[PDB]
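Residue strings, one per chain:
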Amino acid sequence: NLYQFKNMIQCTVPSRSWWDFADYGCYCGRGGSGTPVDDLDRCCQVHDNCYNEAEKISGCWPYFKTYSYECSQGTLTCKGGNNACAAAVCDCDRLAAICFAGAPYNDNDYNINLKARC
Ligand SMILES: [Ca+2]
Ligand SMILES: [Ca+2]
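Residues numbered from 1 in each chain as written, not as in the entry; some residues may be left out. Chains lettered and ligands numbered in written order. Heavy atoms only, no water.

In this section: the coordination of the calcium ion (ligand 2). Ideal geometry at a metal gives 109.5 degrees between four tetrahedral donors and either 90 or 180 degrees between six octahedral ones. Coordination sphere of the calcium ion (ligand 2), protein contribution only: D23 (OD), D23 (OD) and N111 (ND2), at 2.4 to 2.6 Å. Pair noted here: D23 is in the loop between α1 (2–12) and α2 (39–54) and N111 is in the loop between α3 (84–102) and α4 (114–117), with a separation of 88 residues, a long-range link. Overall, the relative accessible area of 30% leaves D23 in the partly exposed class. The class for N111 is partly exposed, based on a relative accessible area of 48%. (Donors = N, O, S within 2.8 Å, 3.2 Å for Na, K, Ca; no water. Helix = DSSP H or I, 4+ residues; strand = E, 2+ residues; numbered from the N terminus. Buried < 20%, exposed > 50% of the residue type's maximum accessible area, 1.4 Å probe, protein only.)

So, in structure tokens, the structure goes:
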């Protein structure tokens, strides 16, 4: 569920306010298309793709379905016992939260002119 994803980003990118990822590049935030603007945007692109794949599981609604996970220090894990939809959504969220921590965040890529730049 979105709340859990938020908590994962809060946990993997402590130095950046969690809400900074909501409207970044061509893919971070509601929807997305075009060529990713940088590595962070590519992380979002793959996350978007990941959710699309999870949605193929009947009745699997990524923003809603809750899953079991833990985030402590140097660990972010999806726990067992998650059903197929929760396991797929947790992995998409875990891997994106991690990927976000590997990419430079460029303030020039926040809230861009989508028509011109994507
Ligand atoms: Ca998106
Ligand atoms: Ca925007």
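Having put the structure on the table, let's press on.
Before going further, it helps to spend a moment on the coordination of the calcium ion (ligand 1). For the calcium ion (ligand 1), the full set of protein donor atoms is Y27 (O), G29 (O), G31 (O), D48 (OD) and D48 (OD), at a range of 2.2 to 2.6 Å. Expressed as a motif, the donor residue spacing for the calcium ion (ligand 1) is Y-x1-G-x1-G-x16-D. Note on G31: relative accessible area 38%, which makes it partly exposed.

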